[PDB]
Every structure is written in C-alpha cells, then in structure tokens.
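Okay, so here's the structure we're looking at.
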Amino acid sequence: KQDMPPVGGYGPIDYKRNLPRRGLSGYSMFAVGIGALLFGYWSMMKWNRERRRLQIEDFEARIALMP
Amino acid sequence: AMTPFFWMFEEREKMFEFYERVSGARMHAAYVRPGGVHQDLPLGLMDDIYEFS
C-alpha cells in the first residue's frame with residue numbers, strides 16, 4: 001500500500017518556444033551608426049588640419065637656419 | 001560546434017541517475033521482461049522526475 005502517485009501538486013512545464021526580444025531594429029539601427037561615424041570625421045579636420053599647422057612650424061626652424 | 005555537446009551531457013547525467021535508482025545499473029538494464037517490468041520502483045522518483053522534467 002506504499003505506492004507512488006501524489007494526490008496533487010503539479011505544474012506542468014510548457015512545451016512553448018519564445019524569446020523574440022526586439023531589440024532596437026528598423027531605422028533605429030543605420031541611424032546610430034551614421035550618427036557615430038559622422039562624429040568621427042568631425043573629430044577629424046580639427047586634428048589633421050591642426051597637425052598641418054605645426055608641420056609648417058617644423059619646416060620653419062629648418063629654413064630660418066641654413067645660410 | 002564545441003559547447004552544445006558539453007552543454008547537454010552535463011545536463012544528461014541527471015538522467016542516467018534515474019536508471020540506477022530503478023533497475024540497478026548504469027546503461028544496459030535488464031529490466032523489461034516478457035511479462036512486464038521486473039520489480040517495483042522505489043519510494044521516490046515522482047518528486048525527482050517532477051523536479052527534473
């Protein structure tokens with residue numbers, strides 16, 4: 001008279017299938033990308049242009065000597 | 001692919017446990033007979049299949 005099945009206490013667990021979490025898609029991407037990339041080239045032309053100014057100063061000390 | 005082999009067999013060893021508790025042995029159990037099951041399964045296995053499944 002000592003046998004298994006309980007009178008109660010059950011679930012069940014699902015048979016389902018779901019993890020579609022979105023996700024920042026669909027014109028949200030391709031907009032943060034271009035907005036990041038244009039910040040890069042804007043951070044250029046303030047350094048590459050400025051290094052071009054110090055470049056001429058480096059040639060300047062050459063030319064003021066050599067006679 | 002390396003991991004889903006390892007990711008499932010680590011979980012699979014919760015289920016070769018269940019053969020040993022009922023028949024006596026690890027994989028090849030001589031349990032089913034031509035007149036039904038050999039012997040009764042112990043007090044348990046319904047609070048342990050249920051936690052597993």
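Ordering of the structure tokens sets the chain letters (A, B, ...); residue numbers start at 1 within each chain; ligands are numbered from 1 in the order shown.
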
Run DSSP on the backbone and grab whatever in chain B lands in strand (DSSP E or B); send it over as an NGL selection string.
-> :B and (32-34 or 36-37)

How would the residues just picked look written out with C-alpha atoms as an mmCIF file, in the first residue's frame?
data_model
loop_
_atom_site.group_PDB
_atom_site.id
_atom_site.type_symbol
_atom_site.label_atom_id
_atom_site.label_comp_id
_atom_site.auth_asym_id
_atom_site.auth_seq_id
_atom_site.Cartn_x
_atom_site.Cartn_y
_atom_site.Cartn_z
ATOM 1 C CA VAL B 32 11.619 -5.230 -19.008
ATOM 2 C CA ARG B 33 10.692 -8.906 -19.181
ATOM 3 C CA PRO B 34 8.184 -10.815 -21.386
ATOM 4 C CA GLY B 36 6.090 -6.734 -17.720
ATOM 5 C CA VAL B 37 8.594 -4.887 -15.539
#

Per residue of chain A within 10 Å of chain B, record the nearest atom pair and its distance in Å to one decimal, counting only C-alpha atoms, with rows in chain order and ascending residue number, as CSV.
residue,atom,partner,partner_atom,distance
A:2,CA,B:43,CA,7.8
A:3,CA,B:43,CA,7.2
A:4,CA,B:43,CA,6.7
A:5,CA,B:46,CA,7.0
A:6,CA,B:46,CA,8.1
A:9,CA,B:50,CA,9.7
A:10,CA,B:50,CA,8.1
A:11,CA,B:50,CA,8.8
A:12,CA,B:53,CA,8.8
A:13,CA,B:53,CA,7.5

If you keep C-alpha atoms, can you produce a file of those selected residues as a short mmCIF file (atom, residue, chain, number, x, y, z; two decimals), in the first residue's frame?
data_model
loop_
_atom_site.label_atom_id
_atom_site.label_comp_id
_atom_site.auth_asym_id
_atom_site.auth_seq_id
_atom_site.Cartn_x
_atom_site.Cartn_y
_atom_site.Cartn_z
CA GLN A 2 3.11 2.19 -0.32
CA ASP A 3 2.87 3.35 -3.92
CA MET A 4 3.83 6.45 -5.82
CA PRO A 5 1.48 8.96 -7.38
CA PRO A 6 0.57 12.09 -5.40
CA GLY A 9 0.98 19.15 -6.74
CA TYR A 10 1.72 19.68 -10.42
CA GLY A 11 2.78 22.26 -12.97
CA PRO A 12 3.17 21.47 -15.76
CA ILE A 13 6.12 22.93 -17.60
#

Give me every helix (DSSP H, G or I) residue in chain B, going by DSSP on the backbone, as number ranges by chain.
-> B: 3-12, 17-22, 49-52

Hey, can you spit out that residue selection with C-alpha atoms as a PDB file, in the first residue's frame?
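File produced: part_13.pdb:
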ATOM      1  CA  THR B   3      29.784  23.544 -26.500  1.00  0.00           C
ATOM      2  CA  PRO B   4      26.234  22.098 -27.078  1.00  0.00           C
ATOM      3  CA  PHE B   5      27.828  18.677 -26.758  1.00  0.00           C
ATOM      4  CA  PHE B   6      29.229  19.671 -23.363  1.00  0.00           C
ATOM      5  CA  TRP B   7      26.219  21.829 -22.534  1.00  0.00           C
ATOM      6  CA  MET B   8      23.817  18.887 -22.845  1.00  0.00           C
ATOM      7  CA  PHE B   9      25.847  15.969 -21.447  1.00  0.00           C
ATOM      8  CA  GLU B  10      26.454  17.917 -18.235  1.00  0.00           C
ATOM      9  CA  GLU B  11      22.673  18.022 -18.034  1.00  0.00           C
ATOM     10  CA  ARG B  12      22.268  14.451 -19.334  1.00  0.00           C
ATOM     11  CA  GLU B  17      20.862   8.696 -12.430  1.00  0.00           C
ATOM     12  CA  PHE B  18      17.296   7.546 -12.968  1.00  0.00           C
ATOM     13  CA  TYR B  19      18.197   4.158 -14.417  1.00  0.00           C
ATOM     14  CA  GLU B  20      20.352   3.296 -11.451  1.00  0.00           C
ATOM     15  CA  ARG B  21      17.701   4.096  -8.887  1.00  0.00           C
ATOM     16  CA  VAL B  22      15.153   1.846 -10.550  1.00  0.00           C
ATOM     17  CA  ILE B  49      11.238  13.237 -12.221  1.00  0.00           C
ATOM     18  CA  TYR B  50       8.921  16.153 -11.461  1.00  0.00           C
ATOM     19  CA  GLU B  51      11.760  18.399 -10.324  1.00  0.00           C
ATOM     20  CA  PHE B  52      13.704  17.366 -13.408  1.00  0.00           C
TER      21      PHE B  52
END
